[PDB]
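What follows is a set of notes on a single structure, which appears directly below.
Backbone-built Cβ (ideal geometry, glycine too); neighbour counts: all protein chains shown. Every number in this text was worked out from the coordinates using simple rules, so none of it is lab data.
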Amino acid sequence: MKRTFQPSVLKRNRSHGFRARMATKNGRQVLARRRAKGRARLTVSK
Amino acid sequence: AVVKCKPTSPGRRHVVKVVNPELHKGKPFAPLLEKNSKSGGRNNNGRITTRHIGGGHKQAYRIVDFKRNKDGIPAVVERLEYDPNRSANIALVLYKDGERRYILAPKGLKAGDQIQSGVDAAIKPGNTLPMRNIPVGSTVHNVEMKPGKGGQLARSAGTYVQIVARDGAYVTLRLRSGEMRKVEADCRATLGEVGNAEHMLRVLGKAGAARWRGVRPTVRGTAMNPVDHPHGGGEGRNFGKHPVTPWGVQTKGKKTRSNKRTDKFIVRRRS
Amino acid sequence: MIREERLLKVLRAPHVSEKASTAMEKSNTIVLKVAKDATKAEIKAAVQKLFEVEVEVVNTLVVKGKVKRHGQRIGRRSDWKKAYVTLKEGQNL
RNA sequence: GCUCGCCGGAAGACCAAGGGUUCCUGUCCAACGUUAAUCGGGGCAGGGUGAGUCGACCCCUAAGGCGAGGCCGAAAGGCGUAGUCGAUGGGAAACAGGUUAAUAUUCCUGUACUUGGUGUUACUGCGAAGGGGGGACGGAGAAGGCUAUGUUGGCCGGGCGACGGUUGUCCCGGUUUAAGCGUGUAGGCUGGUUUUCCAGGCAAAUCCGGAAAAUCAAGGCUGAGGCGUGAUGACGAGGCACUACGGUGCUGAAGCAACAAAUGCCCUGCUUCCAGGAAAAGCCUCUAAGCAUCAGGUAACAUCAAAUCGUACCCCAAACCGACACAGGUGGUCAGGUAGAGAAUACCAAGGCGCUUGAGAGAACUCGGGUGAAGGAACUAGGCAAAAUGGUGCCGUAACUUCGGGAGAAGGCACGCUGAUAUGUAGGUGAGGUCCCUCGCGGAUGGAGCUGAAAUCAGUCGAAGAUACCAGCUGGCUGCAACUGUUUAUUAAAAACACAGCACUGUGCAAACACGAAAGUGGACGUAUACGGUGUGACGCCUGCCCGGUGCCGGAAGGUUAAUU
RNA sequence: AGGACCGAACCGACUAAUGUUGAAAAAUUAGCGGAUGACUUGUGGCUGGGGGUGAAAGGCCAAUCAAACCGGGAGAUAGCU
Ligand SMILES: [Mg+2]
Ligand SMILES: [Mg+2]
Ligand SMILES: [Mg+2]
Ligand SMILES: [Mg+2]
Ligand SMILES: [Mg+2]
Ligand SMILES: [Mg+2]
Ligand SMILES: [Mg+2]
Ligand SMILES: [Mg+2]
Ligand SMILES: [Mg+2]
Ligand SMILES: [Mg+2]
Ligand SMILES: [Mg+2]
Ligand SMILES: [Mg+2]
Ligand SMILES: [Mg+2]
Ligand SMILES: [Mg+2]
Ligand SMILES: [Mg+2]
Ligand SMILES: [Mg+2]
Ligand SMILES: [Mg+2]
Ligand SMILES: [Mg+2]
Ligand SMILES: [Mg+2]
Ligand SMILES: [Mg+2]
Ligand SMILES: [Mg+2]
Ligand SMILES: [Mg+2]
Ligand SMILES: [Mg+2]
Ligand SMILES: [Mg+2]
Ligand SMILES: [Mg+2]
Ligand SMILES: [Mg+2]
Ligand SMILES: [Mg+2]
Ligand SMILES: [Mg+2]
Ligand SMILES: [Mg+2]
Ligand SMILES: [Mg+2]
Ligand SMILES: [Mg+2]
Ligand SMILES: [Mg+2]
Ligand SMILES: [Mg+2]
Ligand SMILES: [Mg+2]
Ligand SMILES: [Mg+2]
Ligand SMILES: [Mg+2]
Ligand SMILES: [Mg+2]
Ligand SMILES: [Mg+2]
Ligand SMILES: [Mg+2]
Ligand SMILES: [Mg+2]
Ligand SMILES: [Mg+2]
Ligand SMILES: [Mg+2]
Ligand SMILES: [Mg+2]
Ligand SMILES: [Mg+2]
Ligand SMILES: [Mg+2]
Ligand SMILES: [Mg+2]
Ligand SMILES: [Mg+2]
Ligand SMILES: [Mg+2]
Ligand SMILES: [Mg+2]
Ligand SMILES: [Mg+2]
Ligand SMILES: [Mg+2]
């Protein structure tokens with residue numbers, strides 16, 4: 001039947017994209033934690 | 001006219017329509033139109049603050065002249081119109097200088113009638129003047145609360161106010177609620193009653209009809225679980241509560257007015 | 001509009017294939033690898049100065065580089081710009 | 001390669017979203033593929049996506065987001081003004097044919113169109129972040145005109161039949177042609193022009209709005225399709241040469257009419273209703289600051305420019321969401337023939353497939369079906385499941401009823417084919433010829449040709465004519481809920497929730513109430529015929545007694561009583 | 001005209017059989033209800049955890065919601081096994 005993941009790149013980027021993370025203090029904290037962990041991909045990008 | 005529908009279907013049997021043939025057919029006067037934004041009863045935090053608001057037909061806003069400040073310049077009523085934003089009808093009025101405005105349509109006002117505002121205006125229906133110049137005992141509508149602020153009282157269909165006294169810089173009004181209220185005599189009021197008194201004679205007849213008006217269903221607190229409303233649960237139909245609001249506040253009887261700042265203007269409260 | 005230093009860096013390589021050979025024989029069109037950032041105006045001017053031939057029209061596309069999996073890790077070839085440079089009726093080179 | 005079978009409002013084709021090379025060619029087969037695999041969406045290599053006019057970007061805004069200053073908040077932050085972003089909506093312009101192994105409205109051929117820059121020439125009041133117009137708007141319904149498309153005839157090419165007949169009232173196939181340009185039709189809307197005056201359109205206006213005269217009855221605006229051109233062309237069965245037998249080159253007949261006909265178009269129309277139906281820019285016009293032999297505006301011709309990114313392939317699925325090559329899920333577009341009311345259904349066309357283990361056998365038992373003597377609910381918790389009914393027309397139809405209903409109540413009759421009325425009727429459509437004319441895509445007359453249901457009478461075949469697929473079972477008593485709706489996604493659809501209606505109660509607007517330490521906001525650009533809370537639940541006939549208790553409302557004399565002093 | 005009637009698409013989910021190490025972590029087949037409306041659906045937006053939203057079933061809030069998920073206090077505590 002209809003599953004929970006229904007893709008949309010616009011909604012993906014608006015909700016979880018780099019700029020969305022940079023827009024709030026807590027989102028810049030997500031990027032900082034991920035950078036300290038040494039993550040290859042900080043966000044889903046192009 | 002108030003019209004009953006034949007029972008050709010169950011949701012039609014109890015319908016009682018208010019059909020007014022005097023009202024303009026079609027579109028309103030475009031220059032006096034603004035866009036209306038539907039809320040769903042949600043505020044700037046996106047939370048429902050007023051329940052049961054949602055859906056219902058799209059409506060354009062008509063700029064209504066509640067101030068009636070265009071003094072000395074006479075005007076003719078061009079047509080009466082339906083306004084989805086209020087119970088009352090509106091009148092498209094043409095001033096001698098070429099300006100057009102919308103006004104609340106008083107009882108009896110028709111196309112061709114001549115209206116005017118100002119301290120000197122004639123005592124006739126549709127005319128606006130400060131209440132210091134309107135005789136005591138007169139029936140008025142679209143009453144200002146502060147001078148020049150605009151009409152705030154007796155705006156709904158069939159409503160009116162009676163100037164029962166004048167003393168000093170103030171008038172005493174018998175509001176439609178039955179309240180005796182003091183307002184300063186320099187506040188304007190329009191002669192007559194608001195028209196469309198047959199409005200209260202309508203019977204929606206079905207659930208869909210309140211829905212077209214943007215009214216969403218009311219769930220009885222007793223129909224809920226304890227966690228949702230103080231009117232809680234029970235095994236079968238149970239009450240045994242002192243009736244309250246969803247927030248645990250005494251509904252039925254408890255007075256909620258708390259305005260020491262405006263107390264001085266209330267002569268006698270409603271009954 | 002142009003500069004020699006820029007025109008000298010804009011044309012990268014002739015592109016060889018069956019499509020490129022048939023484009024030359026049938027339509028007098030040369031198929032090239034051009035700088036990724038190269039514009040149709042730059043490719044026209046560069047071909048005219050360096051190849052000394054008259055250009056009719058430049059058509060361009062971006063080729064996406066293919067991905068190859070090496071077990072758990074991926075490799076990616078580079079995206080590049082292809083130019084279909086049509087020369088006027090009088091053919092040279 | 002020849003057959004056979006399946007789908008065909010899809011199991012075909014095309015978009016979007018999402019994926020990302022899966023696309024095409026060569027080569028390979030370990031692993032992947034529920035089997036073998038020489039094959040593959042698998043491995044490896046190479047190739048492949050070509051735009052001024054298709055989309056994005058771009059200009060414009062919607063909900064909503066962000067937001068200089070600002071307002072507010074221990075800090076973090078919240079809100080918000082000017083603004084600035086944000087499509088799922090508005091805004092310039094391209095079509096037909098050919099081509100590749102794989103792209104094409106992108107390449108090529110043919111024929112076009114849009115908006116800017118520059119130049120020349122003739123004419124000229126130009127100018128905005130502003131004004132006005134416009135853009136620009138709902139539901140339902142009606143029926144006329146069309147086209148897409150089909151059918152038949154004609155026309156042209158081919159045929160003369162594996163077995164009785166087949167030179168004819170015979171068979172098969174084709175009969176296709178765009179945008180653009182010209183014409184301004186069926187039809188929709190609206191009276192037109194000039195002059196003068198003006199408390200309105202933040203300032204101005206020659207524009208809009210308002211006022212008053214004069215004059216003419218025809219003026220304009222919108223508009224499908226047709227017709228012409230485009231087209232001297234393209235496409236076109238087939239013929240003739242070469243073939244690496246995959247194909248390639250050359251050549252090329254007819255290309256018309258009548259009738260039927262959308263759910264597409266005229267139509268953002270018309271009619272009608274109440275629930276009363278975005279914005280902003282492009283665009284047209286008007287002026288302000290300003291420039292006033294300049295610049296700028298209008299037109300013709302010439303010339304230049306139109307960048308950048310996307311474009312392969314899958315797409316109702318083996319490529320997307322489902323761990324799988326998974327009977328699941330996934331928005332939009334197109335709509336051929338016969339029968340049919342139909343987009344149902346059956347058979348087919350174009351097109352796509354036989355679903356990636358097969359071979360035998362013909363036990364019990366399980367699954368899914370077909371038929372069944374006599375009986376006919378005896379079964380069982382219960383007719384669960386089956387079986388049955390099933391179409392159109394006409395006749396006919398009870399209690400009760402809120403007069404709508406109940407009703408398709410129930411029950412009955414007819415039903416194929418052939419001929420006659422009439423070698424094809426009623427009707428629909430409509431050519432020639434004649435005549436008029438403000439000569440047109442015109443009007444009247446005229447009825448050829450075409451198409452064409454239904455009825456009666458007579459006859460005829462079968463057991464059976466709504467023959468298949470498809471397609472109501474009907475009736476009586478009674479509980480509950482008025483009704484249509486809603487609900488426990490995944491054991492409950494109900495008598496539960498909601499509902500129109502009724503009542504109580506709060507609320508005078510900076511409303512009560514609600515989200516918020518606040519600012520701000522919803523209620524509401526509403527105003528007591530309004531808004532909130534609570535209960536009851538259409539309608540009919542009605543709703544009695546009790547204020548001791550608990551809750552609430554009102555009271556101020558006395559008693560008791562906080563900080564404070 | 002109608003929250004009108006019959007009936008595809010579309011939306012739903014009343015009954016039964018099958019399936020229950022499924023073809024499927026809720027389906028398939030035969031029947032069933034709504035089908036101009038309180039209808040249905042695409043794209044985007046807003047509401048956030050004692051919070052939302054709820055025609056109210058404690059329903060739903062990314063496959064177990066009478067208090068989501070993740071990380072942390074954390075080696076909570078466990079007179080129990
Ligand atoms: Mg309950
Ligand atoms: Mg209490
Ligand atoms: Mg080109
Ligand atoms: Mg390109
Ligand atoms: Mg690959
Ligand atoms: Mg392939
Ligand atoms: Mg194998
Ligand atoms: Mg491969
Ligand atoms: Mg700031
Ligand atoms: Mg803000
Ligand atoms: Mg913008
Ligand atoms: Mg868009
Ligand atoms: Mg292709
Ligand atoms: Mg010029
Ligand atoms: Mg404007
Ligand atoms: Mg309308
Ligand atoms: Mg036709
Ligand atoms: Mg023979
Ligand atoms: Mg006409
Ligand atoms: Mg040929
Ligand atoms: Mg393609
Ligand atoms: Mg496709
Ligand atoms: Mg398979
Ligand atoms: Mg599948
Ligand atoms: Mg679907
Ligand atoms: Mg079918
Ligand atoms: Mg299989
Ligand atoms: Mg067997
Ligand atoms: Mg038997
Ligand atoms: Mg028998
Ligand atoms: Mg019997
Ligand atoms: Mg028995
Ligand atoms: Mg028994
Ligand atoms: Mg049964
Ligand atoms: Mg059966
Ligand atoms: Mg007979
Ligand atoms: Mg009983
Ligand atoms: Mg019910
Ligand atoms: Mg129901
Ligand atoms: Mg359930
Ligand atoms: Mg159920
Ligand atoms: Mg009740
Ligand atoms: Mg009582
Ligand atoms: Mg008291
Ligand atoms: Mg209905
Ligand atoms: Mg089913
Ligand atoms: Mg039924
Ligand atoms: Mg139905
Ligand atoms: Mg959504
Ligand atoms: Mg601790
Ligand atoms: Mg532990």
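Odds and ends about this structure:
- Pairs are defined by a Cβ separation below 9 Å, a sequence spacing of at least 6 or placement on different chains, a first member in region C:54-76 that is without any contact (Cβ under 8 Å) to a residue 12 or more places away in the chain and more than 14 Å from chain A (Cβ to nearest Cβ), and a second member that is basic (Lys, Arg) and more than 16 Å from ligand 4 (Cβ to nearest atom); the pairs so defined are C:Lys66/C:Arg76; C:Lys66/C:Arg77; C:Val67/C:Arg76; C:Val67/C:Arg77; C:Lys68/C:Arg76; C:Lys68/C:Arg77; C:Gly75/C:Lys68; C:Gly75/C:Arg69.
- Applying the criterion of at least 3 residues that are within 18 Å of the chain's Cα centre (by Cα) to the strands (runs of 3 or more DSSP E) found wholly in region B:48-100 leaves B:60-62.
- Which listed residue is more than 18 Å from the chain's Cα centre (by Cα) and either in contact (Cβ under 8 Å) with a residue 40 or more places away in the chain or within 16 Å of ligand 1 (Cβ to nearest atom) (or both), from B:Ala169, B:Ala223, B:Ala197: B:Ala223
- Residues (over 20 Å from B:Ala105 (Cβ atoms), among the β-branched types (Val, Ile, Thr) and loosely packed, with under 14 Cβ neighbours inside 10 Å) located in region B:17-54: B:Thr49, B:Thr50
- Scanning region B:165-178 for residues that are within 25 Å of B:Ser87 (Cβ to Cβ) and surrounded by fewer than 16 Cβ atoms within 10 Å (Cβ to Cβ) turns up B:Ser177, B:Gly178.
- Per the listing C:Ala13, C:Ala35, C:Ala83, the residue uniquely more than 26 Å from A:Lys46 (Cβ to Cβ) and within 15 Å of the chain's Cα centre (by Cα) is C:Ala13.
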